[PDB]
file query_8.pdb (PDB, C-alpha atoms)
ATOM      1  CA  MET H  58      -9.846 -18.345 -14.285  1.00  0.00           C
ATOM      2  CA  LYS H  59     -11.753 -15.062 -13.987  1.00  0.00           C
ATOM      3  CA  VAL H  60      -9.910 -11.862 -13.224  1.00  0.00           C
ATOM      4  CA  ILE H  61     -10.492  -8.105 -13.196  1.00  0.00           C
ATOM      5  CA  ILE H  62      -8.120  -5.156 -13.595  1.00  0.00           C
ATOM      6  CA  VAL H  63      -8.663  -2.089 -11.479  1.00  0.00           C
ATOM      7  CA  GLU H  64      -6.549   0.571 -13.115  1.00  0.00           C
ATOM      8  CA  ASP H  65      -7.433   4.270 -13.522  1.00  0.00           C
ATOM      9  CA  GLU H  66      -4.890   4.793 -16.334  1.00  0.00           C
ATOM     10  CA  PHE H  67      -5.856   3.634 -19.816  1.00  0.00           C
ATOM     11  CA  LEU H  68      -2.346   2.835 -21.055  1.00  0.00           C
ATOM     12  CA  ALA H  69      -1.524   0.900 -17.872  1.00  0.00           C
ATOM     13  CA  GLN H  70      -4.680  -1.306 -18.128  1.00  0.00           C
ATOM     14  CA  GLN H  71      -4.419  -1.583 -21.876  1.00  0.00           C
ATOM     15  CA  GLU H  72      -0.826  -2.684 -21.193  1.00  0.00           C
ATOM     16  CA  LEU H  73      -1.784  -5.327 -18.600  1.00  0.00           C
ATOM     17  CA  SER H  74      -4.692  -6.845 -20.519  1.00  0.00           C
ATOM     18  CA  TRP H  75      -2.208  -7.767 -23.258  1.00  0.00           C
ATOM     19  CA  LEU H  76       0.284  -9.775 -21.143  1.00  0.00           C
ATOM     20  CA  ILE H  77      -2.611 -11.658 -19.506  1.00  0.00           C
ATOM     21  CA  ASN H  78      -4.374 -12.517 -22.759  1.00  0.00           C
ATOM     22  CA  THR H  79      -1.021 -13.551 -24.330  1.00  0.00           C
ATOM     23  CA  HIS H  80       0.700 -15.358 -21.455  1.00  0.00           C
ATOM     24  CA  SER H  81      -2.179 -17.102 -19.671  1.00  0.00           C
ATOM     25  CA  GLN H  82      -5.527 -18.779 -20.221  1.00  0.00           C
ATOM     26  CA  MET H  83      -7.181 -16.251 -17.918  1.00  0.00           C
ATOM     27  CA  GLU H  84     -10.537 -14.776 -18.851  1.00  0.00           C
ATOM     28  CA  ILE H  85     -10.473 -11.094 -18.032  1.00  0.00           C
ATOM     29  CA  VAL H  86     -14.071 -10.675 -17.080  1.00  0.00           C
ATOM     30  CA  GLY H  87     -13.866  -6.935 -16.361  1.00  0.00           C
ATOM     31  CA  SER H  88     -11.769  -3.756 -16.057  1.00  0.00           C
ATOM     32  CA  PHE H  89     -12.517  -0.676 -13.966  1.00  0.00           C
ATOM     33  CA  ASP H  90     -11.503   2.929 -13.368  1.00  0.00           C
ATOM     34  CA  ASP H  91     -13.706   3.333 -10.304  1.00  0.00           C
ATOM     35  CA  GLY H  92     -13.520   1.577  -6.905  1.00  0.00           C
ATOM     36  CA  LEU H  93     -17.313   1.633  -6.425  1.00  0.00           C
ATOM     37  CA  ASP H  94     -17.865  -0.139  -9.733  1.00  0.00           C
ATOM     38  CA  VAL H  95     -15.713  -2.993  -8.500  1.00  0.00           C
ATOM     39  CA  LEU H  96     -17.691  -3.098  -5.264  1.00  0.00           C
ATOM     40  CA  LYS H  97     -20.984  -3.235  -7.192  1.00  0.00           C
ATOM     41  CA  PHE H  98     -19.485  -5.730  -9.675  1.00  0.00           C
ATOM     42  CA  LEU H  99     -18.387  -8.093  -6.857  1.00  0.00           C
ATOM     43  CA  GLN H 100     -21.894  -8.603  -5.401  1.00  0.00           C
ATOM     44  CA  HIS H 101     -23.134 -10.256  -8.589  1.00  0.00           C
ATOM     45  CA  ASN H 102     -19.869 -11.858  -9.830  1.00  0.00           C
ATOM     46  CA  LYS H 103     -17.274 -14.113  -8.299  1.00  0.00           C
ATOM     47  CA  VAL H 104     -13.688 -13.739  -9.537  1.00  0.00           C
ATOM     48  CA  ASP H 105     -10.508 -15.750  -9.041  1.00  0.00           C
ATOM     49  CA  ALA H 106      -7.902 -12.922  -8.911  1.00  0.00           C
ATOM     50  CA  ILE H 107      -7.846  -9.132  -8.920  1.00  0.00           C
ATOM     51  CA  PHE H 108      -5.040  -6.803 -10.255  1.00  0.00           C
ATOM     52  CA  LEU H 109      -5.240  -3.378  -8.906  1.00  0.00           C
ATOM     53  CA  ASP H 110      -3.444  -0.097  -8.552  1.00  0.00           C
ATOM     54  CA  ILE H 111      -4.138   1.960  -5.419  1.00  0.00           C
ATOM     55  CA  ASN H 112      -4.804   5.629  -6.102  1.00  0.00           C
ATOM     56  CA  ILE H 113      -8.175   4.793  -7.684  1.00  0.00           C
ATOM     57  CA  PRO H 114     -11.514   6.726  -7.451  1.00  0.00           C
ATOM     58  CA  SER H 115     -14.348   6.417  -4.862  1.00  0.00           C
ATOM     59  CA  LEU H 116     -12.770   3.539  -2.983  1.00  0.00           C
ATOM     60  CA  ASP H 117      -8.929   3.342  -3.083  1.00  0.00           C
ATOM     61  CA  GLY H 118      -7.184   0.009  -3.784  1.00  0.00           C
ATOM     62  CA  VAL H 119      -6.049  -0.798  -0.229  1.00  0.00           C
ATOM     63  CA  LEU H 120      -9.558  -0.468   1.326  1.00  0.00           C
ATOM     64  CA  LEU H 121     -10.890  -2.483  -1.586  1.00  0.00           C
ATOM     65  CA  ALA H 122      -8.319  -5.286  -1.223  1.00  0.00           C
ATOM     66  CA  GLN H 123      -8.740  -5.207   2.584  1.00  0.00           C
ATOM     67  CA  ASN H 124     -12.468  -5.602   2.098  1.00  0.00           C
ATOM     68  CA  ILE H 125     -12.126  -8.347  -0.518  1.00  0.00           C
ATOM     69  CA  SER H 126      -9.685 -10.211   1.628  1.00  0.00           C
ATOM     70  CA  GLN H 127     -12.480 -10.726   4.168  1.00  0.00           C
ATOM     71  CA  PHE H 128     -14.488 -12.675   1.531  1.00  0.00           C
ATOM     72  CA  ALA H 129     -15.240 -16.406   1.625  1.00  0.00           C
ATOM     73  CA  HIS H 130     -13.411 -18.115  -1.218  1.00  0.00           C
ATOM     74  CA  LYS H 131     -11.615 -14.753  -1.729  1.00  0.00           C
ATOM     75  CA  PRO H 132      -9.686 -14.040  -4.978  1.00  0.00           C
ATOM     76  CA  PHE H 133      -5.927 -13.673  -5.232  1.00  0.00           C
ATOM     77  CA  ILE H 134      -4.849 -10.098  -4.773  1.00  0.00           C
ATOM     78  CA  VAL H 135      -1.983  -8.623  -6.825  1.00  0.00           C
ATOM     79  CA  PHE H 136      -1.040  -5.017  -6.548  1.00  0.00           C
ATOM     80  CA  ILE H 137       0.589  -3.347  -9.626  1.00  0.00           C
ATOM     81  CA  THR H 138       1.452   0.228  -8.700  1.00  0.00           C
ATOM     82  CA  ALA H 139       4.023   3.079  -8.993  1.00  0.00           C
ATOM     83  CA  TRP H 140       3.781   3.722  -5.223  1.00  0.00           C
ATOM     84  CA  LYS H 141       5.917   1.660  -2.787  1.00  0.00           C
ATOM     85  CA  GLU H 142       4.257   2.892   0.434  1.00  0.00           C
ATOM     86  CA  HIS H 143       1.496   0.258   0.766  1.00  0.00           C
ATOM     87  CA  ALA H 144       3.508  -2.993   0.624  1.00  0.00           C
ATOM     88  CA  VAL H 145       3.438  -3.500   4.382  1.00  0.00           C
ATOM     89  CA  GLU H 146      -0.416  -3.176   4.314  1.00  0.00           C
ATOM     90  CA  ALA H 147      -0.319  -5.576   1.440  1.00  0.00           C
ATOM     91  CA  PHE H 148       1.563  -8.169   3.510  1.00  0.00           C
ATOM     92  CA  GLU H 149      -0.973  -7.525   6.312  1.00  0.00           C
ATOM     93  CA  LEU H 150      -3.918  -8.450   4.006  1.00  0.00           C
ATOM     94  CA  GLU H 151      -1.998 -11.360   2.497  1.00  0.00           C
ATOM     95  CA  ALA H 152      -1.576 -10.048  -1.100  1.00  0.00           C
ATOM     96  CA  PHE H 153      -0.252 -12.484  -3.646  1.00  0.00           C
ATOM     97  CA  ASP H 154       2.294  -9.929  -4.966  1.00  0.00           C
ATOM     98  CA  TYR H 155       3.148  -6.302  -5.103  1.00  0.00           C
ATOM     99  CA  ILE H 156       4.691  -5.284  -8.469  1.00  0.00           C
ATOM    100  CA  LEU H 157       6.201  -1.811  -8.866  1.00  0.00           C
ATOM    101  CA  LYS H 158       5.653   0.293 -12.041  1.00  0.00           C
ATOM    102  CA  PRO H 159       7.545   0.557 -14.304  1.00  0.00           C
ATOM    103  CA  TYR H 160       7.699  -3.233 -14.545  1.00  0.00           C
ATOM    104  CA  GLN H 161       9.322  -5.698 -16.935  1.00  0.00           C
ATOM    105  CA  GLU H 162       7.391  -8.207 -19.044  1.00  0.00           C
ATOM    106  CA  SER H 163       9.119 -11.031 -17.098  1.00  0.00           C
ATOM    107  CA  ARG H 164       8.060  -9.841 -13.597  1.00  0.00           C
ATOM    108  CA  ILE H 165       4.498  -9.845 -14.950  1.00  0.00           C
ATOM    109  CA  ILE H 166       5.017 -13.079 -16.905  1.00  0.00           C
ATOM    110  CA  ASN H 167       6.459 -15.064 -14.014  1.00  0.00           C
ATOM    111  CA  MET H 168       3.826 -13.765 -11.529  1.00  0.00           C
ATOM    112  CA  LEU H 169       1.193 -14.907 -14.024  1.00  0.00           C
ATOM    113  CA  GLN H 170       2.741 -18.374 -14.109  1.00  0.00           C
ATOM    114  CA  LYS H 171       3.036 -18.590 -10.324  1.00  0.00           C
ATOM    115  CA  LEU H 172      -0.571 -17.334 -10.072  1.00  0.00           C
ATOM    116  CA  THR H 173      -1.967 -19.875 -12.547  1.00  0.00           C
ATOM    117  CA  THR H 174      -0.317 -22.685 -10.545  1.00  0.00           C
ATOM    118  CA  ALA H 175      -1.545 -21.287  -7.204  1.00  0.00           C
ATOM    119  CA  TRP H 176      -5.102 -21.270  -8.560  1.00  0.00           C
ATOM    120  CA  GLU H 177      -4.669 -24.751 -10.006  1.00  0.00           C
ATOM    121  CA  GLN H 178      -3.386 -25.995  -6.666  1.00  0.00           C
ATOM    122  CA  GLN H 179      -6.450 -24.782  -4.767  1.00  0.00           C
TER     123      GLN H 179
ATOM    124  CA  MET E  58      10.691 -27.455  12.527  1.00  0.00           C
ATOM    125  CA  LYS E  59      14.046 -25.689  12.975  1.00  0.00           C
ATOM    126  CA  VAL E  60      14.248 -21.944  13.014  1.00  0.00           C
ATOM    127  CA  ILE E  61      16.758 -19.189  13.643  1.00  0.00           C
ATOM    128  CA  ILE E  62      16.264 -15.617  14.871  1.00  0.00           C
ATOM    129  CA  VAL E  63      18.371 -12.811  13.498  1.00  0.00           C
ATOM    130  CA  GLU E  64      18.112  -9.804  15.820  1.00  0.00           C
ATOM    131  CA  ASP E  65      20.554  -7.009  16.833  1.00  0.00           C
ATOM    132  CA  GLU E  66      18.751  -6.317  20.042  1.00  0.00           C
ATOM    133  CA  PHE E  67      18.439  -8.376  23.257  1.00  0.00           C
ATOM    134  CA  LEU E  68      14.883  -7.462  24.474  1.00  0.00           C
ATOM    135  CA  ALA E  69      13.456  -8.013  20.947  1.00  0.00           C
ATOM    136  CA  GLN E  70      15.124 -11.404  20.571  1.00  0.00           C
ATOM    137  CA  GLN E  71      13.953 -12.360  24.057  1.00  0.00           C
ATOM    138  CA  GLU E  72      10.351 -11.290  23.222  1.00  0.00           C
ATOM    139  CA  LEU E  73      10.287 -13.144  19.924  1.00  0.00           C
ATOM    140  CA  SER E  74      11.917 -16.296  21.273  1.00  0.00           C
ATOM    141  CA  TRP E  75       9.405 -16.340  24.213  1.00  0.00           C
ATOM    142  CA  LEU E  76       6.585 -16.099  21.642  1.00  0.00           C
ATOM    143  CA  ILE E  77       8.038 -18.899  19.541  1.00  0.00           C
ATOM    144  CA  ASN E  78       8.694 -21.211  22.498  1.00  0.00           C
ATOM    145  CA  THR E  79       5.245 -20.576  23.993  1.00  0.00           C
ATOM    146  CA  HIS E  80       2.912 -20.516  21.027  1.00  0.00           C
ATOM    147  CA  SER E  81       4.532 -23.028  18.670  1.00  0.00           C
ATOM    148  CA  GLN E  82       6.304 -26.363  18.374  1.00  0.00           C
ATOM    149  CA  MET E  83       9.330 -24.817  16.503  1.00  0.00           C
ATOM    150  CA  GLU E  84      12.924 -25.326  17.648  1.00  0.00           C
ATOM    151  CA  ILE E  85      15.262 -22.357  17.836  1.00  0.00           C
ATOM    152  CA  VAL E  86      18.420 -23.848  16.433  1.00  0.00           C
ATOM    153  CA  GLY E  87      20.224 -20.428  16.880  1.00  0.00           C
ATOM    154  CA  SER E  88      20.007 -16.641  17.513  1.00  0.00           C
ATOM    155  CA  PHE E  89      22.334 -14.355  15.607  1.00  0.00           C
ATOM    156  CA  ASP E  90      23.110 -10.626  15.948  1.00  0.00           C
ATOM    157  CA  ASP E  91      25.304 -10.516  12.831  1.00  0.00           C
ATOM    158  CA  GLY E  92      24.436 -11.240   9.201  1.00  0.00           C
ATOM    159  CA  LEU E  93      27.755 -12.846   8.401  1.00  0.00           C
ATOM    160  CA  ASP E  94      27.529 -15.274  11.280  1.00  0.00           C
ATOM    161  CA  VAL E  95      24.199 -16.336   9.787  1.00  0.00           C
ATOM    162  CA  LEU E  96      25.593 -16.938   6.299  1.00  0.00           C
ATOM    163  CA  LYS E  97      28.404 -19.031   7.872  1.00  0.00           C
ATOM    164  CA  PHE E  98      26.024 -20.900  10.117  1.00  0.00           C
ATOM    165  CA  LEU E  99      23.912 -21.686   7.023  1.00  0.00           C
ATOM    166  CA  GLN E 100      26.874 -23.450   5.390  1.00  0.00           C
ATOM    167  CA  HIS E 101      26.770 -26.299   7.974  1.00  0.00           C
ATOM    168  CA  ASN E 102      23.097 -26.266   9.054  1.00  0.00           C
ATOM    169  CA  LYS E 103      19.750 -26.440   7.249  1.00  0.00           C
ATOM    170  CA  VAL E 104      16.832 -24.433   8.704  1.00  0.00           C
ATOM    171  CA  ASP E 105      13.095 -24.428   7.965  1.00  0.00           C
ATOM    172  CA  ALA E 106      12.477 -20.736   8.650  1.00  0.00           C
ATOM    173  CA  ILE E 107      14.361 -17.542   9.502  1.00  0.00           C
ATOM    174  CA  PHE E 108      13.066 -14.490  11.332  1.00  0.00           C
ATOM    175  CA  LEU E 109      15.119 -11.390  10.673  1.00  0.00           C
ATOM    176  CA  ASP E 110      15.325  -7.629  11.059  1.00  0.00           C
ATOM    177  CA  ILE E 111      17.049  -5.585   8.354  1.00  0.00           C
ATOM    178  CA  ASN E 112      19.672  -3.280   9.850  1.00  0.00           C
ATOM    179  CA  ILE E 113      22.061  -6.010  11.074  1.00  0.00           C
ATOM    180  CA  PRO E 114      25.917  -5.882  11.215  1.00  0.00           C
ATOM    181  CA  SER E 115      28.163  -7.171   8.352  1.00  0.00           C
ATOM    182  CA  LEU E 116      25.541  -8.206   5.785  1.00  0.00           C
ATOM    183  CA  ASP E 117      22.112  -6.573   5.636  1.00  0.00           C
ATOM    184  CA  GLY E 118      18.858  -8.420   6.213  1.00  0.00           C
ATOM    185  CA  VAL E 119      17.627  -7.868   2.631  1.00  0.00           C
ATOM    186  CA  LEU E 120      20.824  -9.166   0.960  1.00  0.00           C
ATOM    187  CA  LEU E 121      20.830 -12.138   3.258  1.00  0.00           C
ATOM    188  CA  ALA E 122      17.175 -12.975   2.521  1.00  0.00           C
ATOM    189  CA  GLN E 123      17.711 -12.431  -1.189  1.00  0.00           C
ATOM    190  CA  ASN E 124      20.621 -14.903  -1.023  1.00  0.00           C
ATOM    191  CA  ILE E 125      18.774 -17.564   1.004  1.00  0.00           C
ATOM    192  CA  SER E 126      15.814 -17.309  -1.378  1.00  0.00           C
ATOM    193  CA  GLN E 127      18.084 -18.587  -4.108  1.00  0.00           C
ATOM    194  CA  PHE E 128      18.742 -21.794  -2.182  1.00  0.00           C
ATOM    195  CA  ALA E 129      17.358 -25.214  -2.990  1.00  0.00           C
ATOM    196  CA  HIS E 130      14.856 -26.239  -0.341  1.00  0.00           C
ATOM    197  CA  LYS E 131      14.888 -22.643   0.951  1.00  0.00           C
ATOM    198  CA  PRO E 132      13.609 -21.772   4.424  1.00  0.00           C
ATOM    199  CA  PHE E 133      10.547 -19.504   4.824  1.00  0.00           C
ATOM    200  CA  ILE E 134      11.635 -15.958   5.430  1.00  0.00           C
ATOM    201  CA  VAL E 135       9.885 -13.610   7.833  1.00  0.00           C
ATOM    202  CA  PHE E 136      10.920 -10.068   8.355  1.00  0.00           C
ATOM    203  CA  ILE E 137      10.297  -8.575  11.794  1.00  0.00           C
ATOM    204  CA  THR E 138      11.525  -5.052  11.694  1.00  0.00           C
ATOM    205  CA  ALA E 139      10.837  -1.438  12.650  1.00  0.00           C
ATOM    206  CA  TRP E 140      11.685  -0.368   9.060  1.00  0.00           C
ATOM    207  CA  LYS E 141       8.822   0.053   6.573  1.00  0.00           C
ATOM    208  CA  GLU E 142      10.838   0.735   3.434  1.00  0.00           C
ATOM    209  CA  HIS E 143      11.813  -2.846   2.457  1.00  0.00           C
ATOM    210  CA  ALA E 144       8.506  -4.664   1.958  1.00  0.00           C
ATOM    211  CA  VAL E 145       8.485  -4.323  -1.849  1.00  0.00           C
ATOM    212  CA  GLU E 146      11.861  -6.157  -1.844  1.00  0.00           C
ATOM    213  CA  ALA E 147      10.365  -8.689   0.556  1.00  0.00           C
ATOM    214  CA  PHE E 148       7.624  -9.416  -2.020  1.00  0.00           C
ATOM    215  CA  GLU E 149      10.295  -9.577  -4.826  1.00  0.00           C
ATOM    216  CA  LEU E 150      12.199 -12.303  -2.886  1.00  0.00           C
ATOM    217  CA  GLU E 151       8.861 -13.962  -1.829  1.00  0.00           C
ATOM    218  CA  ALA E 152       9.076 -13.527   1.922  1.00  0.00           C
ATOM    219  CA  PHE E 153       6.475 -15.360   4.009  1.00  0.00           C
ATOM    220  CA  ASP E 154       5.570 -12.221   5.980  1.00  0.00           C
ATOM    221  CA  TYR E 155       6.778  -8.775   6.945  1.00  0.00           C
ATOM    222  CA  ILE E 156       5.781  -7.590  10.415  1.00  0.00           C
ATOM    223  CA  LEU E 157       6.382  -4.055  11.667  1.00  0.00           C
ATOM    224  CA  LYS E 158       7.856  -3.409  15.100  1.00  0.00           C
ATOM    225  CA  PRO E 159       6.251  -2.593  17.579  1.00  0.00           C
ATOM    226  CA  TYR E 160       3.885  -5.530  17.056  1.00  0.00           C
ATOM    227  CA  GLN E 161       0.872  -6.996  18.809  1.00  0.00           C
ATOM    228  CA  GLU E 162       1.431 -10.396  20.272  1.00  0.00           C
ATOM    229  CA  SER E 163      -1.453 -11.737  18.104  1.00  0.00           C
ATOM    230  CA  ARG E 164       0.221 -10.679  14.821  1.00  0.00           C
ATOM    231  CA  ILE E 165       3.114 -13.059  15.795  1.00  0.00           C
ATOM    232  CA  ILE E 166       0.874 -15.803  17.106  1.00  0.00           C
ATOM    233  CA  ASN E 167      -1.316 -15.883  13.959  1.00  0.00           C
ATOM    234  CA  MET E 168       1.821 -15.861  11.787  1.00  0.00           C
ATOM    235  CA  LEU E 169       3.370 -18.771  13.701  1.00  0.00           C
ATOM    236  CA  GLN E 170       0.243 -20.796  13.167  1.00  0.00           C
ATOM    237  CA  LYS E 171       0.021 -19.922   9.518  1.00  0.00           C
ATOM    238  CA  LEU E 172       3.776 -20.640   9.266  1.00  0.00           C
ATOM    239  CA  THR E 173       3.344 -24.034  10.949  1.00  0.00           C
ATOM    240  CA  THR E 174       0.565 -24.950   8.555  1.00  0.00           C
ATOM    241  CA  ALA E 175       2.510 -23.911   5.420  1.00  0.00           C
ATOM    242  CA  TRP E 176       5.450 -26.014   6.676  1.00  0.00           C
ATOM    243  CA  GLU E 177       3.254 -29.098   7.264  1.00  0.00           C
ATOM    244  CA  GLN E 178       1.520 -28.661   3.862  1.00  0.00           C
ATOM    245  CA  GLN E 179       5.145 -28.653   2.630  1.00  0.00           C
TER     246      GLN E 179
END
call {"tool": "encode", "arguments": {"input": "query_8.pdb", "output": "structure tokens"}}
result
Amino acid sequence: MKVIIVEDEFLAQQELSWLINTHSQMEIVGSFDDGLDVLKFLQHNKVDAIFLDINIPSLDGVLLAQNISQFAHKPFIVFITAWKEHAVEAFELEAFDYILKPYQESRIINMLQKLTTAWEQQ
Amino acid sequence: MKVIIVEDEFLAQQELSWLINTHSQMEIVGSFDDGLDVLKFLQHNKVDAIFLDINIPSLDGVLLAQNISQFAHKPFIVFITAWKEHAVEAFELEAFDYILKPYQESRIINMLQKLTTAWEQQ
């Protein structure tokens, strides 16, 4: 299962990489601080799920997820953010989840288990 | 497929029930204007889906949906509401959708179809 993290804050992404590597067999295939990088990355790579915050550079996380959700064989989309204002837009684009920061290991851990199964099932 | 509508407000419940009757095969087993009457009704009837707004007498839409989501063989839950602030909670309880009022007819119609499919898959 290939995934990327789109998180402008080092501690946040460093944080998230750890729970994924420990609690799943997911291959994190990339991490990003810039929205444009992810755009460029996505033309030449096909991923299974993306974890993203929103207030990220060049191209914010809603636009990005909106765009990605138009893709054929699109990845799962999981927002992990301190801001609660974009959850409605997230329902509109059919996000897998919207996790508020600060979060608890178990929120993240159960989502990861749900997400693994959802990928499996498809 | 048996469904209930939970809506304070006559024109809104008429609109939504017209949409359901017209663009789906679902059966409206009941329309409730009060959260407690729903929780009682649910003690003697099993439903496949519930459509609800949030600011409803006696027992709020969020607490109700949280409760119902604990059930075995839980119905799908779909918020249809003018209030934007509860969509993070709706993700936490794993709502099927969360649609802002005023809505376009097509928003409802596409959701019914996606809802029908998810139910059949189930």
call {"tool": "interface_residues", "arguments": {"input": "query_8.pdb", "of": "chain E", "to": "chain H", "cutoff": "7 Å", "atoms": "all atoms listed in the file", "output": "number ranges by chain"}}
result
E: 141, 144-145, 148, 154-155
call {"tool": "atom_distance", "arguments": {"input": "query_8.pdb", "atom1": "CA of residue 117 in chain E", "atom2": "CA of residue 62 in chain E"}}
result
14.2 Å
call {"tool": "resolve_selection", "arguments": {"input": "query_8.pdb", "expression": "the PyMOL selection byres ((chain H and resi 87) around 7)", "output": "VMD selection string"}}
result
chain H and resid 61 to 62 85 to 86 88 to 89
call {"tool": "atom_distance", "arguments": {"input": "query_8.pdb", "atom1": "CA of residue 96 in chain H", "atom2": "CA of residue 150 in chain H"}}
result
17.4 Å
call {"tool": "closest_residue", "arguments": {"input": "query_8.pdb", "among": "E:91, E:176, E:106, E:111", "to": "residue 158 in chain E", "atoms": "only C-alpha atoms"}}
result
E:111
call {"tool": "closest_residue", "arguments": {"input": "query_8.pdb", "among": "H:166, H:94, H:58, H:129", "to": "residue 115 in chain H", "atoms": "all atoms listed in the file"}}
result
H:94
call {"tool": "resolve_selection", "arguments": {"input": "query_8.pdb", "expression": "the PyMOL selection byres ((chain H and resi 110) around 8)", "output": "ChimeraX atom specification"}}
result
/H:63-65,108-109,111-113,118,136-138
call {"tool": "atom_distance", "arguments": {"input": "query_8.pdb", "atom1": "CA of residue 116 in chain E", "atom2": "CA of residue 160 in chain H"}}
result
27.5 Å
call {"tool": "resolve_selection", "arguments": {"input": "query_8.pdb", "expression": "the PyMOL selection byres ((chain H and resi 72-83) around 8)", "output": "list in words"}}
result
residues 58, 59, 60, 62, 68, 69, 70, 71, 84, 85, 162, 165, 166, 169, 170 and 173 of chain H
call {"tool": "axis_aligned_box", "arguments": {"input": "query_8.pdb", "around": "range 139-153 of chain E", "padding_each_side": "4 Å", "output": "lines of an AutoDock Vina configuration file"}}
result
center_x = 9.3
center_y = -7.3
center_z = 3.9
size_x = 13.7
size_y = 24.1
size_z = 25.5
call {"tool": "closest_residue", "arguments": {"input": "query_8.pdb", "among": "E:100, E:93, E:133, E:67", "to": "residue 179 in chain E", "atoms": "all atoms listed in the file"}}
result
E:133
call {"tool": "closest_residue", "arguments": {"input": "query_8.pdb", "among": "H:178, H:163, H:121, H:171", "to": "residue 95 in chain H", "atoms": "all atoms listed in the file"}}
result
H:121
call {"tool": "decode", "arguments": {"input": "query_8.pdb", "residues": "range 119-134 of chain E", "atoms": "N, CA and C atoms", "output": "compact mmCIF listing (two decimals), in the first residue's frame"}}
result
# COMPACT_ATOMS: atom_id res chain seq x y z
N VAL E 119 -26.72 15.28 16.82
CA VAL E 119 -25.40 14.68 17.03
C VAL E 119 -25.41 13.56 18.09
N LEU E 120 -26.06 13.80 19.22
CA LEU E 120 -26.11 12.79 20.29
C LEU E 120 -26.90 11.59 19.80
N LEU E 121 -27.98 11.85 19.11
CA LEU E 121 -28.76 10.78 18.54
C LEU E 121 -27.93 9.90 17.59
N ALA E 122 -27.26 10.54 16.63
CA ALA E 122 -26.45 9.86 15.65
C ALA E 122 -25.30 9.17 16.29
N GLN E 123 -24.64 9.81 17.25
CA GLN E 123 -23.61 9.10 18.04
C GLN E 123 -24.13 7.78 18.68
N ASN E 124 -25.30 7.87 19.29
CA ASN E 124 -25.97 6.73 19.91
C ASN E 124 -26.24 5.57 18.96
N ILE E 125 -27.00 5.88 17.92
CA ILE E 125 -27.32 4.98 16.80
C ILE E 125 -26.09 4.31 16.15
N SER E 126 -24.98 5.03 16.13
CA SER E 126 -23.77 4.51 15.52
C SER E 126 -23.12 3.47 16.42
N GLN E 127 -23.65 3.34 17.63
CA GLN E 127 -23.14 2.31 18.52
C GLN E 127 -23.87 1.00 18.32
N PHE E 128 -25.06 1.08 17.72
CA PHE E 128 -25.90 -0.08 17.46
C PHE E 128 -25.23 -1.19 16.65
N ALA E 129 -25.73 -2.40 16.86
CA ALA E 129 -25.43 -3.52 15.98
C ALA E 129 -26.32 -3.41 14.75
N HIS E 130 -25.74 -3.70 13.60
CA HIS E 130 -26.50 -3.51 12.35
C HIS E 130 -27.07 -2.06 12.27
N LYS E 131 -26.20 -1.09 12.52
CA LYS E 131 -26.58 0.31 12.49
C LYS E 131 -27.09 0.78 11.11
N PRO E 132 -28.10 1.65 11.11
CA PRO E 132 -28.44 2.35 9.87
C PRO E 132 -27.30 3.30 9.40
N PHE E 133 -27.35 3.66 8.12
CA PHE E 133 -26.51 4.72 7.56
C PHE E 133 -27.07 5.97 8.13
N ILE E 134 -26.22 6.96 8.34
CA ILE E 134 -26.62 8.22 8.91
C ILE E 134 -26.26 9.36 7.96
